[PDB]
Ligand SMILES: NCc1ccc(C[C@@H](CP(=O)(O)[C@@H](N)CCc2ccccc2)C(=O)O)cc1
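The chain below stands alone, shown as structure tokens; this is the form solved without the named molecule.
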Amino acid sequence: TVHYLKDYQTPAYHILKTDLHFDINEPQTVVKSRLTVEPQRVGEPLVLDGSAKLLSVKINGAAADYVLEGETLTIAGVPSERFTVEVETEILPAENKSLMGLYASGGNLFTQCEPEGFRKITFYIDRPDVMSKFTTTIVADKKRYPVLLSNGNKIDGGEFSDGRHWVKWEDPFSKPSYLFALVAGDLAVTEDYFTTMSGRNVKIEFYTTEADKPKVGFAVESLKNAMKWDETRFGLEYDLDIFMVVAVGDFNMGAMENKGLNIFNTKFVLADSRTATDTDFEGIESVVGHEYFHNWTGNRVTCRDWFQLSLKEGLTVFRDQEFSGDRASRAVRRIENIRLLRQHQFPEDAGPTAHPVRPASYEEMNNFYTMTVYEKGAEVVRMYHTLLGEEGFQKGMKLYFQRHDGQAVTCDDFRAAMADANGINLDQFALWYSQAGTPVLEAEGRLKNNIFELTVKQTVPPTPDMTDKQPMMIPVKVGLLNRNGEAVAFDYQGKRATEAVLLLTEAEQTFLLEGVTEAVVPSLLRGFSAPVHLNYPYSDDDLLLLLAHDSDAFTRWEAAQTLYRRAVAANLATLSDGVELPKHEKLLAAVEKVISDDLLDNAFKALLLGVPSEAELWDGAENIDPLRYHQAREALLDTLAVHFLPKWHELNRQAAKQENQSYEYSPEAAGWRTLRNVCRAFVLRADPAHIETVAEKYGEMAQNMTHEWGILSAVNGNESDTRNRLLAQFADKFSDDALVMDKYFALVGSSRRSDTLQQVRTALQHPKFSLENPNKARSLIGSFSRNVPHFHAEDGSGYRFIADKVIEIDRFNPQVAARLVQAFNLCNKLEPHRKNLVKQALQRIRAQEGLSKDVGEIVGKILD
């Protein structure tokens, strides 16, 4: 059964009011609903989605004539005017290991409804174009469940003689079912507030365990920053006098934007310097912002159907990116976002599971919360901003909300708003939503007369969903550098400037940059103006010049990235010919200049010193031996480590002094620590024995989690017993902090050491490990699945291990399993031996009785 976008049809029924009543007992919870249903197409049967135990169903107080089949409840004869439906269901939250619907965690109850989890609570028209006004009543034992939360305003509540108490929540904003939330349990609260631009106080309440409460401070501040920023940048104001955030340790995703009651994975809300890295802090800031920004881009305006997921996700990611960029280090953080895209989204677009930003079909919608919908989706939204500028973009946002506030709409509606608000045609831009695959740009430069003539051709490869690909609208931002590396002015188009956005709209175009009175090297795709591969015949010297002198952060970084890529390509060639490694003279020269350049921003310097991942390196390759690519990359890192060993120390000490004992989080101090941790990584592969010196003064250097993690990461591949000891001491010191134990299992799973597989298998039985906890499963098993030398081991042990865990995990959590099985996505691009073994593994997963729809869909894409 496949769902198709082209088959969309408006619902035959609307739900106007949704009154819910929760009776929480041990072990079961009884849900009583009362829906006010309004016919849209009179005469049609009422179809309700649902998978919970059905106890009773009524139409207007009378027992209904119905049939239950699969997860569908049908009532043939329903009135032609407004009527009530009353469904009574029973749930066993403690048995819910899928972490979808109503489930237990840490003795408390939580919900996760997006995309289609609400049907697991009650029978409902569970689709996002059906919006209803919710009133939620909750009854439970007061001692066990003192805190009872749902969307909106608490308007009533009371006590019963027998120890139970109740509450009543009213969400006045019509919403789809996927934004419903309920929380019941014993939780500590952190209180604060934000006053809106119109003088209205908004009560802020963060709910966590008693012990985790001290770690929620940074998240509260980030929210208040996010609330202020949305006002100042977008003119968007919060619309309730209460905003609640709940932390939960068992959670499939990062966080959830349920209206006025966000539910967060602990990893994106808890932090202190002692237990969280600077990266963790930045993560909290991004995600807290993200979930708050959904209140307008997702909740006030929602999705007509789930094919439109990127409408709220691409747009909201773009917003949290701009939020983070406005806070600090925009350039550095832009590179990070670009790096993430090329390292995870590009592989996806090149693989068997490739899909457009707006899919045309899906079997299981949970499989499409992907890098493509999110990150490429953001890049698509960012291109509007590039084409229109900030003011023009905000004009689109204004008209978007003017038209569609309180509606469930599509990506086309967003595009129309951008188009109409600025009086511009964006018909061709629609292809960014419908055409999958990474576009490839072939560029040629020619200076004849006094005009730099830039030819550019685009090509979009076929993908499993679509062969035909038409030319797309691709903004290419460009500049010119002379022999000395200073910006050269040119005329385009009737305007003399130092920078221009060349709009490529067809298969091949030539752009005329006139008024060029000297030799130039072009700077291309500045700021990563479009999500594409660009090929230009740069000399190594051209790259040295761009890296050294160009004014755009990305192009400088990309120039360094290109030199690294070429170096690894050389290593591959020599290792293949059974010959000495290359010398990499021009590369080593560049790295030396980077290391010694005191003018480079510390964090930007760290990025320039990062080598592209194996996935980037074998991009577009056939018959891949992942270990040869691994060997070639490792060889380059060894060369850089050993060659610059004393300067790594020097840079290390420089960073230590500039940090200046400022161990709490700040973008400034974090920049030095990032650079410090790069140096440690290089030092400790050049001189592994240095670990004992580090171990000797561990307590001295373990001044925050950034330092501990940085040190443990640097030594994680060390074959010394000291590596194991430090890991064991780490687990002991932080045994009580679940989020830090995640870091422990990540180190175990990711180690380059020869004995990683058996250490991983021992870790499975660690008292603090739980396969049923998504964070733990990802940390240990996810990391191993990405551990190239071990996952792609020749004997196939990595394949068999991961396949076993996919099978095992899928028995209780298909979402984690479906994510994990995508470690096999490289199947058909592997050399014959490994490909055979991967197919065997995939066949074995497929042969499982009761295999989830989630995993089945993915395995299908790879095998069939």
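One rule holds for the numbers: they count along the sequence shown, beginning at 1.
Mean CA temperature factor is higher for 1-9 when stretches 855-863 and 1-9 are set side by side in the entry. When the mean C-alpha temperature factors of 486-494 and 194-202 are read from the deposited coordinates, 486-494 comes out higher. Among 235, 461, 582, 249, the highest C-alpha B-factor recorded in the PDB entry belongs to 582. As recorded in the entry, 448 carries the highest CA temperature factor of 319, 175, 448, 294. Remark: residue 25 belongs to the highest third of its chain, ranked by C-alpha B-factor as recorded. Ranked by Cα temperature factor within the chain, residue 807 sits in the lowest third according to the deposited record. Per the PDB record, residue ranking by Cα B-factor puts residue 677 in the lowest third of the chain. Among all modelled residues in this chain, the alpha-carbon of residue 688 has a temperature factor (C-alpha) in the middle third. In the deposited entry, the Cα temperature factor of residue 36 places it in the highest third of its chain's modelled residues.
Another form exists, solved in complex with the named molecule; not displayed. Remarks below refer to it.
Counting ligand atoms within 2.4 Å of backbone or C-beta atoms, the overlay of the named molecule from its pose in the deposited bound form onto the shown chain yields zero, and the pocket is open. Of the candidate stretches 754-762, 169-177, 385-393, 514-522, only 169-177 has residues with heavy atoms within 4.5 Å of the named molecule in the deposited bound form. Only one of the listed residues (238, 362, 401, 83) places a non-hydrogen atom within 4.5 angstroms of the named molecule in the deposited bound form, and that residue is 238. Only one of 562, 482, 209, 153 lies close to the named molecule in the deposited bound form, with a heavy atom inside 4.5 Å, and it is 153. Proximity of residue 666 to the named molecule in the deposited bound form: non-hydrogen atoms within 4.5 Å are absent; the residue sits far from the partner. Contact between residue 201 and the named molecule in the deposited bound form is found at the 4.5 Å heavy atom cutoff. The closest heavy atom approach of residue 422 to the named molecule in the deposited bound form falls outside 4.5 Å. In the deposited bound form, at least one heavy atom of residue 196 sits within 4.5 Å of a heavy atom of the named molecule.
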